[PDB]
Amino acid sequence: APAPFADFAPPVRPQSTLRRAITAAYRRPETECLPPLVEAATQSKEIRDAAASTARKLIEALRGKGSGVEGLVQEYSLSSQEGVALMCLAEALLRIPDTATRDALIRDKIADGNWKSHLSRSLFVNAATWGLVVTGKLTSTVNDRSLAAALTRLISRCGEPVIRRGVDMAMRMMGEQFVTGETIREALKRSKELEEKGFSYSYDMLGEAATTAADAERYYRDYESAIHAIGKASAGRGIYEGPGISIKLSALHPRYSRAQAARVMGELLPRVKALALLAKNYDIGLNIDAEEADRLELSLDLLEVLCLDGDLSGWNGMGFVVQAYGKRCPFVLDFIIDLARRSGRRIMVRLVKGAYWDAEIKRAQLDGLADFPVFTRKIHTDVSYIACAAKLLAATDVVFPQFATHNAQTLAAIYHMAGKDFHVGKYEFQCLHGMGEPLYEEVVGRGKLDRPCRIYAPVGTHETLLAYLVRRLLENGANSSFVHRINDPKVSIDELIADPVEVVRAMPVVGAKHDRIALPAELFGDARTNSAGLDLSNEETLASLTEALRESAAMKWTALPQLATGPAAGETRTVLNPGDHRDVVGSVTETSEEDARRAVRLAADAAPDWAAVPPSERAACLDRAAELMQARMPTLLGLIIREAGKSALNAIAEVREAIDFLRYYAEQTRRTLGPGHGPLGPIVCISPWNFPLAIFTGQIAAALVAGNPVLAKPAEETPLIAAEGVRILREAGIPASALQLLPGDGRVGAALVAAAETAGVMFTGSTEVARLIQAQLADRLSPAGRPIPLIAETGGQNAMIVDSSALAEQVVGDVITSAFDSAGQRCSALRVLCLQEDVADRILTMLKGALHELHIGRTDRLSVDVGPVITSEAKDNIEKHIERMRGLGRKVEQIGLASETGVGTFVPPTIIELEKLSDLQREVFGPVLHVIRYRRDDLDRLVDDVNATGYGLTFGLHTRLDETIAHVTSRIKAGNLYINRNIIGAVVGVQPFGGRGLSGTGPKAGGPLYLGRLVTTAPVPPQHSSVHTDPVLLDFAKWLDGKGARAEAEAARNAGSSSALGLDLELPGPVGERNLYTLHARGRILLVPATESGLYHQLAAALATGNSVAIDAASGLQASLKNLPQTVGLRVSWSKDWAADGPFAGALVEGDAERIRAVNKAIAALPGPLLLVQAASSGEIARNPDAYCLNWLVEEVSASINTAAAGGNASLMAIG
Ligand SMILES: Cc1cc2nc3c(=O)[nH]c(=O)nc-3n(C[C@H](O)[C@H](O)[C@H](O)COP(=O)(O)OP(=O)(O)OC[C@H]3O[C@@H](n4cnc5c(N)ncnc54)[C@H](O)[C@@H]3O)c2cc1C
Ligand SMILES: O=C(O)[C@H]1CCCN1
Ligand SMILES: O=C(O)[C@H]1CCCN1
């Protein structure tokens, strides 16, 4: 067998001193980056005065010489929404290729009546883009009902003339302004005018982010054909006077990433070389555009090989972008200048500020990394730019600097920095087509500054230009953007010519982080410290992780029955790597049923001593354990990789989740628990193999910090990481008597659950095992005669709905991740993709293409995307399903598996096309995506279909349309909703995780109601209240008063006020996301009363929390509820046969102890969901107004909305 981690992530090449200085700066603190940039960018007082004068002169020219859209809005008195709607209509009309056909539709159909009847795809799919054009503001989703009303209004008001003006306007903008031309030939024809004036061109073919091999091939042949046209047109003018091309490496390969570095060097590089050879033959420039920060250093390896490749010698046209908003920029320049010296190639270096800023902020926060790879104050980027220009200007003999900027202050600084000696070929400026020409017409030419400018010229169809136009608009359209500020009359020219170098120098703290951007560690402020991740694009990190992972694999991992009295003897067997059964990970000694029973008794004995540790100190143990897990993360990664079969990426996220659970439950403890919140007693924690550290730790930590001693029964498959979690918790101060580890199979779990002193059970696993546990617990009562609490999380049949407004590339990436990450072994994994019929074939084609780019194998290589499934039995169960579907004639797409997978248990990622959602009749816990199609008019029926399964865990929706968001999210019944992003990796305290129905009992893990289920008297969670009063509750209280039941009416009004139904919160989290948490009704609650007053109290509790009820007809209490108001009657039914009248969402039971036990067994016998049952005696109802706790009669819903999905972050446009 191959040695573990011997090939984890070797770099493309040994890292030179220059390359290592780049990596060293990746996330350097901002206060450390700025001082050397300030020094490098310093210029004399005389030069600064001259530069300020030149900048003022340029800005006065810019301001001395009204957009088309603004004139259109003015002429027709359009509101903003009308302007946006008009541009959307224009865009749609321009999708009609024949001019005479389009004009006939406008005259005969659009102008005179309903446009809706004439134009499967919303008119307003791209309204966020047109919103930026019309208003300058980015709104991430589209209010399509507002736009529809506006379009009707403006057409009914102004008719064909306004439609014609909109069409002509959109036609000009999309054919001449956002692009230089639709085709390279058209673009070239339109370039002669400014070339004759002294401009040059570099054509941007607008391709990026290939998703499939076919995409990458299409972008390749597009580049090749453009180079021929550009080279023919250049006609020997050379690389400075003549035109060139720009390419994006992400366009040329579907897996352009550090994780796939070997594929990039083997497959992407020869494609770039072939394009460069063609550029060399025509002697034109070929520029490599710069993209996301985690692609910078990878691109250097391609640049290095290309510049050293003798087949390309004699040609100085190779170019390369460096982004001055990046902390590595000067060190990258040092590397490039040296590469130019070694190779003798005069590398064309385009210095830009950078196009991906808000995405870099979000990504670093999501990944919990040490700092950002970009600056956070715009002025820091400006100083960086000028500092890097100084470095480039000192090396014009070996590189060709190209200063791409629309900022007249930046321009003037560099123009004077470069001095008096100039010749074409020394350096140039650059600008964007349709944006920079007003400024650079004051620069180019002997009558101006006599410096050349190359126009970066987009080329593409309407579809191509619209795909990432938002990101392009934000380059010059944010509050701190020069172009935005020059168009703001409230900004003086003096403000615009302010010298960023001197402003930064005089700051109290030079280089301070922006005050309004949280470091990833500080996302939650004073509440708790965010867990920290690891940057798998950082060579230093990969190198250190490689050694730590190797060392982890040499360790003799063990797991033992750890009782309160010490380790216990038992049957010992090895633990095998699921990706390679030859790889022995460790040894587990499993627990006898006798010792499991003994462990519960020991935990009961020790319960008072643990409950007496004050809550703040119990929370301090959790915080200490979180620190230990953070420090141990590399070793924990190795164990999770080898024992549980996970990728490094998923193992990092899992250790983060464990750390977050510990810190979250610690903080929630400090916010809530007091002397009156007594523990339940011994809690049995049964954890799954798919999150063998995170959910293991989460359940145990919550029970411990709530004051309960814990019996920890890890999954049979994954005992070693459990034993390590216990070692850490004990090292952090949890006493051995408070946390006992019982490895073994389900007999151990069953022995623990059945033990008389077990006071509560926390289970995450299959529905069938949860149901067996429920039946066990229904035999028992607490010493107080009350049901044993069960928290059971049990998976789902998770769907994602995609309509024709979603961006296919985004969908496919989110589907590939949601369905096949962790081999589909997440409970949150995407199981059914639902595609609107009109886009289903294109998305399916792209999805299948992306599927075949996945690398399946043993997960001790960074390049592996999908690892093994956990066991041979899991494998066999999944495969049986796939073959059953195949045998029914369903189309099945599968990746081929390499021969090396035979030593482990692997299922290839699979796509199965179904006719209807009901064709899927069992949860298939593997990498198996089912795809159905739906007509848009049947959307509401589809949501019914999703709900009808009875599950309700995770759910995804991809749409830009507010009406569709409102409709779907109001009708779906699931606990974790995700809008325009993947549906996996719920984040503790941000997406509290847990569902309803067949998916679980709740309360949500990583949410504020969790600890309260683990004590006998629940506290009031932080922020847990609602000002809204259920109106049916109010009608019931009035009915009670009319009947003379004045005590119960008062109790009803109190329940109405105490209810947190209607709670609606936004939780702190990363930028570019809105994370919402809301309390809803659970559904229909089964009421099993014994007395009239008990029934009234039960009804008050259920109604106050928004529920309907089914009242047990065998109570004989029908006469107690005569003449109900119709509003209340609508919510009330009587049930003789509880099994026929379900599913229920919870239950309230009244009776003595044996009545409660009998009803509990009867409820456990109901098919379907495990009900969260609350029981009370008649006397308890009389004595305790909280006898039925309202916490457990509401349903928690988490919704995470990717607000950056339109292409950028509106909120961050204000942050500079
Ligand atoms: C010819 C040309 C080629 C280009 N090629 C590329 C490319 O290959 N790769 C690429 O990434 N982009 C590219 N760009 C875009 C460029 O990087 C800028 O995003 C854009 O041109 C605006 O910058 P500026 O100097 O024109 O104007 P400015 O208004 O001076 O600068 C705006 C820039 O400031 C930065 N910024 C804004 N807010 C903050 C903040 N809070 N903290 C730190 N920095 C901030 C951003 O980078 C933003 O774009 C190119 C631009 C041009 C004109
Ligand atoms: O599992 C164990 O026994 C200890 C020793 C090796 C690493 N953890
Ligand atoms: O996979 C997820 O979404 C999170 C929630 C459950 C455990 N990890």
Using 0.36 nm per residue of separation minus the Cα-Cα distance, give me the extension gain between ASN479 and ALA506 in nm, one decimal. 7.4 nm
Once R0 is set to 25 Å, what does the formula 1/(1 + (r/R0)^6) return for the Cβ-Cβ distance between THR99 and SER120, expressed as a FRET efficiency to the nearest 0.05? 0.60
Share antiparallel - DSSP beta bridges, segment 515-642, percent rounded to 5: 75 percent
Segment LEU854-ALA213, extension gain: residue separation times 0.36 nm, minus the distance between their alpha carbons: 229.6 nm
Take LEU105, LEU1193 and order them by how many other Cβ atoms sit within 10 Å, fewest up front. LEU105, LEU1193
For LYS232, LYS1038, what's the fewest-to-most ordering of other Cβ within 10 Å of each Cβ? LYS232, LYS1038
Going by average Cβ density within 10 Å per residue, which order do the peptides 687-697, 509-519 take, highest to lowest? 687-697, 509-519
GluC sites (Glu not before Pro) within segment 889-974: which are DSSP loop residues with at most 11 other Cβ atoms inside 10 Å? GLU915
Links that overshoot a 22 Å alpha carbon limit, given the list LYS192/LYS448; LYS362/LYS973; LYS973/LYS1004; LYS875/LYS973; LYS189/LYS353: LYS362/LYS973; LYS875/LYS973; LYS189/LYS353
For segment 1-130, state the semi-axes of the equivalent ellipsoid (square roots of 5 times the eigenvalues of the alpha-carbon gyration tensor), sorted largest first and rounded to whole angstrom. 53, 35, 13
With N residues in segment 960-1114, what two-decimal value do you get for its Cα radius of gyration over 2.2 N^0.38 Å? 1.19
Could you list which residues have their amide H under 5 Å from that of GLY678, counting only those 5 or more apart in sequence or on another chain, with H placed in the peptide plane? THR1016, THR1017
What are the ³J(HN,Hα) values, in whole Hz, obtained from phi via the Karplus relation 6.51 cos²θ - 1.76 cosθ + 1.60 with θ = phi - 60°, for each residue of segment 532-537 in sequence order, with x given for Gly and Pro? 10, x, 9, 8, 7, 9
Three semi-axes of the equivalent ellipsoid, segment 635-779, Cα gyration tensor, whole Å, largest first: 23, 20, 13
Taking every alpha carbon pair in segment 128-205 and sorting the distances into 10 angstrom bins from 0 up to the bin holding the longest one, the percent per bin comes out as 15, 32, 29, 17, 7
Whole-Hz ³J(HN,Hα) from phi, Karplus 6.51 cos²θ - 1.76 cosθ + 1.60, for segment 162-172, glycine and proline x: 6, 5, 4, 5, x, 4, 4, 5, 4, 4, 5
Say each of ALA1182 and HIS514 gets a label point 7 Å from the Cα, pointing the same way as Cα to Cβ; how far apart are those two points in nm? 6.5 nm
Using only C-alpha atoms and all pairs of different ones, pull out the Kirkwood radius for segment 1023-1170 in Å with one decimal. 16.3 Å
What percent does the relative contact order of segment 300-404 come to when contacts are Cα pairs within less than 8 Å and at least six residues apart? 35 percent
Which residues' amide hydrogens lie under 5 Å from the amide hydrogen of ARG933, considering only partners 5 or more residues apart or on another chain, with H built in the peptide plane? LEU835
How large is the Rg to Rh ratio of segment 217-320 when both quantities use alpha carbon positions and Rh follows Kirkwood? 0.96
Ranked highest first by the average count of other Cβ atoms within 10 Å around their residues, in what order do 739-748, 843-852 fall? 739-748, 843-852
Residues whose modelled amide H sits under 5 Å from the amide H of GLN430, counting only those 5 or more places away in sequence or on another chain, are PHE403, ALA404, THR405, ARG454
May I ask you to sort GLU75, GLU195 by Cβ crowding, counting other Cβ atoms within 10 Å and putting the fewest first? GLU75, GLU195
Highest average packing first - 799-805, 726-732, Cβ atoms within 10 Å: 799-805, 726-732
Which of the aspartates and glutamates could be linked to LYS137 by a straight reach, that is with a Cα gap under 20 Å, when you skip same-chain ones fewer than 8 residues away? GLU70, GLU82, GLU91, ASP358, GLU475, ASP488, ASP962, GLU1073
State the extension gain, in nm to one decimal, for the chain segment bounded by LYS273 and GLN1118, taking 0.36 nm per residue of separation less the distance between their alpha-carbons. 295.8 nm
Scattering curve values for the chain, log₁₀ I(q)/I(0), Debye with Cα scatterers, q = 0.05, 0.06, 0.07, 0.10 Å⁻¹: -0.39, -0.56, -0.75, -1.36
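Don't worry about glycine lacking a Cβ; one is built from the backbone with ideal geometry, like all the others, and counts go over all protein chains shown. FYI, it's all coordinate maths here, none of it is from the lab.
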